[PDB]
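Inspection log for the structure reproduced underneath, given as structure tokens.
Protein chains in written order, with the numbering used here: chain B, 186 to 491; chain L, 186 to 491.
What follows is the structure, given as structure tokens:
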């Protein structure tokens with residue numbers, strides 16, 4: 186029993202992190218077989234970041250201007266290429282720790298693990314969600330750019346995120362591994378607005394089912410409701426609307442607990458309109474939205490990986 | 186900026202996890218150089234667990250009754266020994282992934298990372314604290330016994346915990362790596378009471394400093410107080426008393442923020458006697474006690490490891 190915000194084991198990712206230096210700035214890169222991926226603003230100083238012309242800056246640099254280091258071993262850059270916001274540095278050695286991997290673009294509301302790194306060396310791992318406004322609420326200090334987010338299918342590592350920027354509001358923004366930003370952001374030190382953030386309703390419902398599985402049942406109410414009527418209430422409290430696709434996804438949890446999805450929505454509706462009144466659920470005084478329905482099934486059934 | 190409950194990178198531990206089978210029961214073991222460590226109740230069936238005589242049971246077993254497997258490779262047991270609640274299985278091969286390691290016994294209120302495993306295979310990693318009543322509030326399913334807790338000094342892995350039992354109340358109990366239980370517990374399926382749990386006051390104070398560092402300052406109050414007067418209030422709300430040793434430990438955080446330790450205690454005292462009144466701190470509606478002062482300095486300064 187019990188429920189924790191669990192991250193994926195990081196071993197397959199640790200062996201791929203390198204340090205990349207181009208001038209004064211140093212950040213992290215990802216070393217898969219014979220290519221190193223890192224944010225393109227590694228070629229910028231602090232002055233350039235205010236208004237950078239990346240094509241013009243890249244032309245000023247050469248292969249020998251990039252120093253790639255893994256622990257105490259140096260890598261020689263044999264070629265360089267810019268793919269939209271990522272730099273691809275081709276080196277002479279294939280990484281002998283390269284895992285079975287995949288590049289994927291995730292959707293908002295999905296979760297993943299972040300390996301926070303400094304100077305190419307890992308500091309810690311934590312689990313987070315992609316917000317509906319395409320930001321992440323992370324923990325990044327100076328020099329952590331290039332840290333990656335990932336999921337693990339049993340033997341395959343799916344890389345989904347590379348960290349680039351801290352916005353002036355203190356939230357974080359980045360790209361997929363093809364270098365396309367999540368959200369409307371650009372890699373420039375200018376004021377940038379993120380949209381209104383909303384709570385991920387299908388994730389809250391999955392977490393309520395996890396609460397039931399673990400014995401927290403006081404919130405199971407006396408009512409039911411319709412999907413159209415639930416969404417009306419949810420729109421008032423900045424919750425995202427529920428679709429039939431979300432109901433289908435919650436099917437397995439409904440069958441395990443004996444509680445229909447629309448019945449659980451009735452309990453949630455009452456939670457929103459009246460609060461939790463000084464009581465808790467799974468140790469929390471707030472409603473939690475960074476577990477997906479798949480996260481709950483994984484943790485409650487103990488799936489393992491390579 | 187930002188603050189997350191961060192676990193240590195797990196790579197050095199993943200390479201040490203094995204599966205141990207003795208009859209029907211299968212659980213996890215820890216493979217360091219030529220020894221495998223696992224809970225001794227691996228030799229028990231469900232019937233034996235109600236009233237086991239471990240010495241008598243162990244004599245019935247032989248070296249060939251233990252099957253040790255790492256992935257798809259089998260290990261041959263060359264000898265067996267019981268050290269108090271752990272079994273030490275000597276095998277014929279030294280683990281070539283053995284890291285620099287140490288065995289340590291931690292004190293209540295200290296934190297560590299848990300690598301949750303099933304059938305010798307890792308499922309996830311999370312950070313937790315040892316409660317003052319020597320339990321842990323974890324996430325363990327059937328077959329997770331033998332999972333270990335650890336900290337990482339830069340190049341050294343300090344193993345501090347092995348999971349053994351889920352108590353009938355749903356909290357978890359285990360031993361250090363010499364097989365001595367934390368707390369008053371025994372490895373028998375009988376009702377066992379854990380003491381009153383208390384909140385770890387020095388950890389709450391460290392987390393308030395982290396809140397200030399990240400810009401949450403609304404709780405900084407108008408008062409000060411004395412250590413004797415603070416402890417009187419803290420004893421009423423089931424907080425552990427503060428000592429001068431705890432004040433000395435908080436020194437660096439006080440110097441970074443300009444806020445004396447006793448002044449922060451005055452803010453905490455007011456938080457306890459009046460609540461947080463529907464507001465949050467670092468995203469939480471409850472006071473958090475699973476970050477140590479060292480955890481806060483590590484995360485706010487970005488120390489890295491091997």
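Cβ coordinates follow ideal geometry from the N, Cα and C atoms, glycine included.
Which word fits residue 458 (chain L), buried or exposed, when buried means at least 16 other C-beta atoms lie within 10 angstroms of its C-beta? It counts as exposed.
Which whole-angstrom value is the C-beta distance of residue 228 (chain B) and residue 201 (chain B), which I expect to be below 8 Å? The pair is not a contact, with the Cβ atoms about 22 Å apart (cut-off 8 Å).
Taking only beta-carbon atoms, is residue 199 (chain B) less than 7 Å away from chain L? By the rule that beta-carbons nearer than 7 Å mark a contact, residue 199 (chain B) touches chain L.
Let's test the definition: count the other Cβ atoms within 10 Å of the Cβ of residue 321 (chain L) and tell me whether it reaches 16, buried, or not, exposed. Label assigned to residue 321 (chain L): buried.
Quick check: the Cα distance between residue 471 (chain B) and residue 470 (chain L), rounded to an integer number of angstroms? When rounded, the distance between both Cα atoms is 7 Å.
Find the residues of chain B that neighbour residue 471 (chain L), judging by a C-beta separation of less than 7 Å, and give them in chain order. By Cβ distance, chain B contributes 470.
Going by DSSP in three states, residue 298 (chain B) sits in which element: helix, strand or coil? Secondary structure of residue 298 (chain B) (DSSP, three-state): strand.
Can we say the stretch 385-397 of chain B touches the stretch 422-436 of chain B, given the rule of at least three CB pairs closer than 8 Å? The answer is yes - the stretch 422-436 of chain B touches the stretch 385-397 of chain B, with three or more Cβ pairs under 8 Å.
When the cut-off is 7 Å and only beta carbons count, does residue 489 (chain B) lie next to chain L? Yes, its Cβ sits closer than 7 Å to a Cβ of chain L.
How about residue 378 (chain B): is its C-beta nearer than 7 Å to some C-beta of chain L? Residue 378 (chain B) does not count as touching chain L.
List in chain order: all unbroken alpha helix (DSSP H) runs of 4+ residues lying wholly within the stretch 423-490 of chain B. At a cut-off of 4 residues, the continuous stretches assigned as alpha helix (DSSP H) that sit fully inside the stretch 423-490 of chain B are 429-434, 436-442, 446-459 and 478-486.
Cα separation between residue 334 (chain B) and residue 484 (chain L)? Pairing residue 334 (chain B) with residue 484 (chain L), the inter-Cα distance amounts to about 18 Å.
What's the gap between the Cα of residue 287 (chain L) and the Cα of residue 439 (chain B)? Near 46 Å, if we compare the C-alpha coordinates of residue 439 (chain B) and residue 287 (chain L).
Examine the Cβ distances between the stretch 398-418 of chain L and the stretch 339-357 of chain L and report whether three or more of them are shorter than 8 Å. Segments in contact, no.
Assign residue 272 (chain B) to one of two classes, buried (16 or more other C-beta atoms within 10 Å of its C-beta) or exposed (fewer than that). Residue 272 (chain B) should be labelled buried.
Helix or strand or just coil, what does DSSP make of residue 339 (chain B)? In this structure, residue 339 (chain B) counts as coil in the three-state DSSP scheme.
Does the contact criterion of 3 or more C-beta pairs under 8 Å hold for the stretch 409-416 of chain L versus the stretch 258-276 of chain L? Result no; under three Cβ-Cβ pairs closer than 8 Å.
Which two residues bound the contiguous alpha helix (DSSP H) that contains residue 417 (chain B)? Looking at the DSSP string, the run of the alpha helix (DSSP H) that includes residue 417 (chain B) is 412-421.
Here's a check: name, in chain order, each residue in its chain whose Cβ is nearer than 6 Å to the Cβ of residue 190 (chain B), leaving out the five neighbours to either side. These residues qualify, in order along the chain: 312.
Buried/exposed call for residue 225 (chain L), threshold 16 Cβ in 10 Å: Buried: at least 16 other Cβ atoms inside 10 Å.
Am I right that residue 446 (chain L) and residue 435 (chain L) are in contact with their C-beta atoms under 8 Å? What's the rounded C-beta distance? Contact holds; Cβ gap of about 5 Å.
Candidates L:343, L:205, L:396 and L:425, of which the one nearest residue 195 (chain L) by Cα: Minimum Cα distance to residue 195 (chain L) is reached at L:343.
With distances taken from CA atoms, which of B:309, B:448 and B:424 is nearest residue 294 (chain B)? For the residues B:309, B:448 and B:424, the minimum Cα distance to residue 294 (chain B) belongs to B:424.
Between the alpha carbons of residue 305 (chain B) and residue 369 (chain L), how many angstroms are there, rounded? Between residue 305 (chain B) and residue 369 (chain L), the C-alpha separation is close to 44 Å.
Any C-beta of chain B within less than 9 Å: which residues of the stretch 325-357 of chain L qualify? Residues 325, 326, 327, 328, 329, 351, 355, 356 and 357.
How about residue 276 (chain B) and residue 345 (chain B): are their beta carbons less than 7 Å apart? With respect to residue 345 (chain B), residue 276 (chain B) sits apart: the two C-beta atoms are not nearer than 7 Å.
Between the stretch 284-304 of chain L and chain B, which residues of the former have a C-beta closer than 8 Å to a C-beta of the latter? Taking 8 Å as the Cβ-Cβ cut-off against chain B, the residues of the stretch 284-304 of chain L that qualify are 300, 301, 302, 303 and 304.
Should residue 417 (chain L) be labelled buried (16 or more other beta-carbon atoms within 10 Å of its own) or exposed? Counting Cβ neighbours within 10 Å, residue 417 (chain L) comes out exposed, since fewer than 16 surround it.
Residues of the stretch 251-266 of chain B in Cβ contact with chain L at a cutoff of 7 Å, in chain order, please. Going along the stretch 251-266 of chain B in chain order, one finds no residue with a Cβ nearer than 7 Å to chain L.
Report all residues from its chain with a CB closer than 7 Å to the CB of residue 323 (chain B); omit the five preceding and five following residues, and keep chain order. Residues 299, 313 and 357 of the same chain have their beta carbon placed closer than 7 Å to that of residue 323 (chain B), with the five preceding and five following residues left out of the count.
Please list, in chain order, the residues of the stretch 310-324 of chain B that have any C-beta partner in chain L closer than 8 Å. For the stretch 310-324 of chain B, which is checked against every Cβ of chain L, the residues closer than 8 Å are 310, 311, 313, 322, 323 and 324.
What residue does the beta strand (DSSP E) around residue 263 (chain L) start on, and which one ends it? Per DSSP, residue 263 (chain L) belongs to the beta strand (DSSP E) from 262-268.
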